[PDB]
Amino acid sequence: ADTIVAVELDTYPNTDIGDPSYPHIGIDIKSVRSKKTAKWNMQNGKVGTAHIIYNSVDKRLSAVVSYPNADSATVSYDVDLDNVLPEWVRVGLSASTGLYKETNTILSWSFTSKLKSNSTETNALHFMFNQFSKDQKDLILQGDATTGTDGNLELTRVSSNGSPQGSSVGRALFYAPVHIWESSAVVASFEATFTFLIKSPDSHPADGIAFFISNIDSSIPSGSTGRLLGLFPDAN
């Protein structure tokens, strides 16, 4: 039912559904089987940054994921979002765990979209969260996601002692719908940035974090824990 475009930070290689044999970033267009991936050296316990950009001139979705003093990882894919997404969307973050686990902690998240009409003048939306509060009324929290423990967004369940739980799935969507494309626009673009902390006691953490864009009424597909990243109902 939902229509999803996402950039995945995939910490667990599910080779049975197309993952390369290593932690990786990917661009997902209506499937969890990424259209493109790059290798990613997830650093356990350290704060990373994801920057995701798209513009309607190049029609190229790109992401860079990095840690301080490390080489970054980057992935790109040409896709016309006009032919994939509805013109109005919501944007969000998603994460899951499975039989393996990890914290999926968001420390900050920002987003900007702009749409300039062919007839006219620009419409714009920007938000910035550098801290999250206990009752963050501009976020739609879905599943296991919580805010206001450390000023952070915990996308998946963490116990009292700080231990991440398995088989957890959670999402945060920005409250306002976003006009992501319009035929009568000369230029359209967005960017999203978040910082994250993925920690695990395991030697294999799972399953990852994504930034996504979806139909406004999107909900966690039932059973989308583990390798499905709270994003898809199946591995097709």
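One-based numbering along the sequence shown.
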Inset, instruction - Could you bin the unmodelled part of the deposited chain lying between residue 83 and residue 84 as none, 1 to 3, 4 to 9, or 10 or more? - result: none
Inset, instruction - Averaging the C-alpha B factors as listed in the entry, name the stretch that ends up higher: 70 to 78 or 87 to 95. - result: 70 to 78
Legend entry - Entry-level comparison of average CA B-factors, 134 to 142 and 106 to 114, reporting the higher stretch: 134 to 142
Inset, instruction - Kindly indicate the residue among 214, 15, 11, 225 with the greatest C-alpha B-factor in the PDB record. - result: 15
Inset, instruction - Quick one: which of 37, 195, 55, 200 shows the highest Cα temperature factor in the PDB entry? - result: 200
Legend entry - Chain thirds of CA B-factor: placement of residue 170: lowest
Legend entry - Third of the chain, ranked by Cα B-factor, where residue 62 sits: lowest
Inset, instruction - Sort the modelled residues of this chain by their C-alpha B factor and say whether residue 221 lands in the lowest, middle or highest third. - result: lowest
Inset, instruction - Pull the Cα B-factor of residue 207 out of the PDB entry and bin it into the chain's lowest, middle or highest third. - result: middle
Inset, instruction - State the tercile, meaning the lowest, middle or highest third, of residue 179 with respect to the CA B-factors recorded for its chain. - result: middle
